Structures are given as structure tokens and as C-alpha cells.
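Only one chain is given next, in C-alpha cells, and it is the form deposited in one PDB entry.
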């Protein structure tokens, strides 16, 4: 017996029997290119291993309210529109702020929005839109808001089953295949407090599952500026999972580009961080992540070069 060789034949038949990524090495480096939709976050893009959200797949983005999950979904939509794609938004929360969405670069006017009367209707409409192959991405707001018609139409405490999770199951079962044929990325948003009853099946049907969470409150000096989010890619059937990313989302703003640059530039050594002060190729950036953010904001030439440097090192800029 020659373990490594017996192992390859094993993993080969596993992937062949159940698909690419059925089993992989955490430390491997996937060259499977696969057509993604940039998450609007460079670090998150890298964490996913393929530059963004894989297309034709089910993506789940769960986490507590106000942790950044809609922002990622919106940024995702925007990048898909910019690349000439058509976007759909199955809304059952009635929270969306098109004004904020435009700010993140979304073309709201061309955005399809549906506000379904029940969970069945919601999924059914999404399934119908998907099968026209016209969409590049479709976002479903609130897995939890997908309450069965039976529950909606007031019905007795009798015959009360875990119908919502069944609903989400059958729905995901038939939709996933279409999503594959269509190549449409379907982001399910799980604002959670079973993962909201329906997140049960979503756990098995997703090719990617992002754990969005808010960790810090960007204070800059000593006042509210934005908030730092951390996303853990808990499931990734297209790359080695378990990676992590972090990013700033200033108030009323989307994911900070400069913020990302300052973070990855530091860790990747392109930008030196002496305690308190930041420097790049011997240029002074400022004393304070925020001053540095401002600096990079104003000196668009720097940052663009830093982005280049950081980009080059790890694949390249998104689409």
C-alpha cells in the first residue's frame, strides 16, 4: 500500500460520485476558476477562494440583525449588474432601502422586486424567475419571513407541523438544479435570533454559507464612524472552507474599499504599520486607521497602486 496514491484514487471517486469538492485538503490551492460575483469585499473574496460568490449556486448569509448581511447581498447585486446582469429581489421583510442600494452602486430602476403573500408564493416566484435564465443573481430576504400559507391564513393549533422547513426543503430541491442550468446565484438571507426553521435544508443545499457577525464599532478617535464585520465561510463546496474575512462598513456607506486596502496591505506587508502610524513605501499615511483611510481616500493614486500590489500577489481584481 502507498497511502498518498490510494488516497488520490479515493478522493477521485468521491468527487466523481458526488461532485467536485465533495472532499478536499484545507491547505490545497484551487485553480478551478468558476465565474464568480465579487462580494464587494476583497478579503471576503479571497476567503471564498474563488474571488467571489460562485454562480449557479445557493448561498446562505446568516447572522444577527444589523451585522452587514444585506450590504454584502446588495454589493453582490451591484457587481452583477455592472457585468451586465439582471437582478431580482424577493422581498418579504419590507426593509430594503433602494437609496442605500444605489449608494452601493445598485441600479435600482432595473432591479426586479417582488413582495409575495406567502412562503410558497415567494419561493415559487423565485423559481419561476430563475428558469428564464435571464437573472445573474436573485436575493431572497428573510428565510424566516417565508411563513407557510396555512400559518398566514390563521389556522388552528391542530395539524401544526414543521411545514415551513418542509416548504423550504422541497423548494430548494427543485430550484437548485434550475439555478445550476441558469447559472444564477441565489443568496438566501438568514436574519436569525433549526436555523429559523427553513435554514435546516439551506444548510445542505448551500454551496457556500457565510456567518456574518458584527465585531467592532469603528470609533476612529472617540465617536461613531461605522462598524467592523467579520464573516466566516463555514461551508464552501467550491474551495477549502473555514476561512475568514473582516471589513469596515461606515455609516450610510457600503463596504470601505480603502479600509480593506489598509487591512490587507498591512498583513501582506506592503504597508508598514509602526505602532499608531501607517506608512507606505516610506510615505506617511497618518496616525489612525481613519486618517489613513482618509489619506487613501484623497490620494486615489496611492491605494490604486497598493490595490494593484495586493491584487497581483493573490490572483486579481473582481468580476
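Here the rigid core means the biggest group of C-alpha atoms that line up within 1.5 Å when the two forms are laid on top of each other. Residue numbers count along the first chain shown, from 1.
Quick note: we don't show the form deposited in another entry, though the next part is all about it.
Once the core is superposed between the shown form and the other one, every option in 97, 155, 107, 216 stays below 2 Å in C-alpha shift except 155. Comparing the forms between the shown form and the other one on their rigid core, the Cα displacement of residue 66 stays under 2 Å.
Positional change of residue 12 between the shown form and the other one stays under 2 Å at the C-alpha, relative to the superposed core.
Once the cores line up, the CA of residue 24 ends up less than 2 angstroms apart between the shown form and the other one. If you compare C-alpha positions, residue 217 and residue 286 are 3 angstroms or more farther apart in the other form than in the form on display.
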